[PDB]
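# Secondary and tertiary structure notes
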Amino acid sequence: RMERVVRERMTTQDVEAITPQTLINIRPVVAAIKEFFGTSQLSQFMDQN
Amino acid sequence: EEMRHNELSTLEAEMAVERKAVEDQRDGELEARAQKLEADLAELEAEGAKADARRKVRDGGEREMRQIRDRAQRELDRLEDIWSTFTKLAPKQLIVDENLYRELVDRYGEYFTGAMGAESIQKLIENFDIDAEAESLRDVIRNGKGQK
Amino acid sequence: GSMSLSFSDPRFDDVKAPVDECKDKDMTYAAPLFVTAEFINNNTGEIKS
Amino acid sequence: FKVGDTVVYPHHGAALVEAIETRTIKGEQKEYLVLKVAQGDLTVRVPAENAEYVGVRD
DNA sequence: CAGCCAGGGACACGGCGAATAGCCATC
RNA sequence: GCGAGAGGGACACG
DNA sequence: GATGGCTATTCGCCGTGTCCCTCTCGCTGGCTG
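Notes on the structure follow.

Before going further, it helps to spend a moment on the protein's contact with DNA strand G. With respect to spatial proximity, the complete set of residues near DNA strand G consists of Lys-34, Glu-35, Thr-39 and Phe-45 of chain A together with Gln-147 of chain B. Here a phosphate oxygen of DNA strand G and a side-chain polar atom of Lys-34 of chain A are 3.5 Å apart. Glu-35 of chain A is positioned such that a nitrogen or oxygen atom in its side chain is 2.9 Å from a phosphate oxygen of DNA strand G. Looking at the surface near DNA strand G, its residues break down into 1 nonpolar, 2 polar and 2 charged.

Put into C-alpha cells, the structure is as follows:
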C-alpha cells in the first residue's frame, strides 16, 4: 500500500525538489501492524490462568 | 400499429426512394472507379513501368472497386435493418444498439412509444390487459401441450 | 523510468519502556523501526539516503 | 569542489562534503561527490562532471 | 496538522428448480 | 448497551 | 434451413441444532487558518 502511495505521489511532485522523507507515508504500514496485532483472528488474547 | 397499417406502403415507398438514391450513389462511385482504372491503364501503359507493375495497378483499382461496392452493400444492409425493425416493431420487445434506436426515433419519432428504465416497466404494466392474457393462457393450457 | 526508490538497513532501536511498565501503562511493548532509503535519479543522476 | 569545503545544494541550502568516491558503474569509476545537510538528513551523491548541471554551487 | 465537514477475487455439500445446449424430426 | 472476531462449558457409544 | 421437441448440463438458490460464560476491538478523506 505504501509503495502504491509513493509511486502515485511521485508523478505529482516535481523532480529534483523532493526527498524520500517527504515521499514515504508511514500511516498505512503502522495501520496494518495495528490491525493485525489488534482485532485479528490469530493475535489471540493470551490464555494464561 | 394503426398508423403502422397505412404507412406500411407510404413509408416504404419513401424508404425505397432512399434505397434507389443510395444505390445510384454506389454505381456513381463505381463509374468513377472505372474511369480512374482507365486512367491507371493509359498512365501505366505509357509511364515507364514493368509488366507486372501495370498488372498490379489494375489489380489495385479492381480492389478499390471491390471495397466501394462492399461499403455500398453494408449501407444497404443498414437500411434493411431499419426497415426490418420498423416492420417488426412489435411491442414488449427489447431493442439493443442505442445508435439503432436513435436512428429509429429521429426517422420514426411517431408511430410508436419507446422507453428505458423502471418507468418503461411502469408503462408496460399500465398498457397491459390482465383479462386478455389470462384468457390467452387459459386457451394455451386447454389446447397446447409440452414445454409451452 | 526516470527515477527509482530503494530500501535497506532494517535497524531496531532499544524498546521504549520495559515489559512490566508497558503492561501496566496500557502501552504497546514496541521498538522504533528505522530503514535507510535510496532515492536514485536517472535523468540527471544522484542518490538520496 | 574539494573535500571539506561547504557547498550550497539547492533547494536545501548549505551542506558539507565528506569525500570523493570512485565506485564503478557500467565499468567506469565516477567522481561521486558525497555531501550532507544536517537539516535534510540526506546524503546527496552526484558525479562531479554534472555538478553544475544540477546547480550545486559554493 | 484537527474541528467540522463528508465520501483487486480462495478448500463446503447436497438437493431443487429454471435456463439453456446438443441432437433427431418434420415442413 | 449493537456488530465482528477469539477462546470456553454442557449435550445417547448397542 | 427453423420451430418442436426430448434429454443433458450449467448454474443459481436454499438449508446446514440449542443454551450459556469470558475477552477484545469497532472506516477513511478534504478545507482551512
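Residue-level contacts link 10 residues of chain C with 8 residues of chain A. Summed over both partners, the interface of chain C with chain A buries about 690 Å², with 81% contributed by carbon and sulfur atoms. Of all residues in chain C, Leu-5, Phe-7 and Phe-39 of chain C give up the largest surface area on contact with chain A, accounting jointly for 51% of the area buried on that side. Put simply, chain C and chain A have 0 salt bridges between them. Where chain C touches chain A, the interface holds 1 residue pair in polar contact. Of all the secondary-structure elements, those providing two or more residues to the side of chain C that touches chain A are β1 (3-12), β2 (33-41) and β3 (46-48) of chain C.

Another point: the pattern of salt bridges. Residues and elements named next belong to chain B. Under the criterion given, the structure shown has 17 salt bridges over all chains. Close ionic contact of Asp-70 with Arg-63 constitutes a salt bridge, the shortest N to O distance being 3.8 Å. According to the relative accessible area criterion, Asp-70 is buried, its value standing at 16%. One salt-bridge network, in which partners are shared between bridges, spans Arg-33, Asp-40 and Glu-64.

All names here are of chain B. Close contact between helix α2 (residues 51-87) and helix α3 (residues 98-108) brings their axes to 11 Å; oriented N to C, the two are set at 70 degrees. As judged from the angle between their axes, α2 and α3 are roughly perpendicular. For the pair α2 and α3, the contacting residues are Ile-82, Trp-83, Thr-85 and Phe-86 in the first and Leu-100, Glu-103, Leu-104, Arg-107 and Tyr-108 in the second. Here the contact of α2 with α3 is built from residues that sort into 6 nonpolar, 1 polar and 2 charged.

We now examine a nonpolar patch on the surface. A surface patch of nonpolar side chains, amounting to about 530 Å² of accessible area, comprises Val-29, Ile-33, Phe-36, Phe-37 and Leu-42 of chain A. Residue placement: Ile-33 of chain A occurs in helix α3 (residues 27-37).

The subject of this paragraph is the environment of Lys-88 of chain B. All names here are of chain B. Within the fold, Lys-88 resides in the loop between α2 and α3. With a relative accessible area of 54%, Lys-88 lands in the exposed category. Among residues more than four places away in sequence, those in contact with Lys-88 are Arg-4 and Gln-93.

Each strand in a sheet pairs with its neighbour through backbone hydrogen bonds, running either in the same direction (parallel) or in the opposite one (antiparallel). Ordered by their spatial adjacency, 7 strands build an open sheet running β1(C)-β2(C)-β3(C)-β6(D)-β5(D)-β2(D)-β1(D), and the pairing between neighbours is antiparallel. On the outer flanks of this sheet lie β1 of chain C together with β1 (6-9) of chain D, each paired with one strand and no other. Across the sheet, the mean angle from the axis of one strand to that of its neighbour is 30 degrees, orientation sign disregarded. In this structure, β1 of chain C lies alongside β2 of chain C, joined through 8 bridges in antiparallel fashion. Looking at β2 of chain C, one finds that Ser-4 of chain C is bridged to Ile-40 of chain C.

Relative to the helices and strands, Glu-46 of chain C resides in strand β3. Look at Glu-46 of chain C: it is buried, it has no salt bridge, and the nearest opposite charge is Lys-48 of chain C at 5.8 Å. Ignoring sequence-local partners within four residues, the contact set of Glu-46 of chain C consists of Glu-16 of chain A, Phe-39, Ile-40 and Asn-41 of chain C together with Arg-45, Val-46 and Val-54 of chain D.

What counts as what
Residues numbered from 1 in each chain as written, not as in the entry; some residues may be left out. Chains lettered and ligands numbered in written order. Part of a larger assembly, values for the part shown. Heavy atoms only, no water. Residues with missing side-chain atoms left out of burial classes, pairs and counts. Near = heavy atom within 4 Å. Polar contact = N/O pair within 3.5 Å; in protein donor to acceptor, adjacent residues only side chain to side chain. Nonpolar A, V, L, I, M, F, W, Y, C, P; charged D, E, K, R; others polar. Contact = heavy atoms within 4.5 Å. Buried area = accessible area lost by both parts, 1.4 Å probe. Salt bridge = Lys/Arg side-chain N within 4 Å of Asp/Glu carboxyl O. Helix = DSSP H or I, 4+ residues; strand = E, 2+ residues; numbered from the N terminus. Buried < 20%, exposed > 50% of the residue type's maximum accessible area, 1.4 Å probe, protein only. Axes fitted to C-alpha atoms, helices over the stretch in contact; angles between N-to-C directions. Parallel < 35°, antiparallel > 145°, perpendicular 65-115°, else oblique. Patch = residues over 30% accessible without salt bridge, like charges linked within 9 Å, V, L, I, M, F, W, Y side chains within 5 Å. Areas by Shrake-Rupley, 256 points an atom, 1.4 Å probe, with all protein chains shown as cover. Pairing = 2+ DSSP bridges. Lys, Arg positive; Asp, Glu negative; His and termini not counted.

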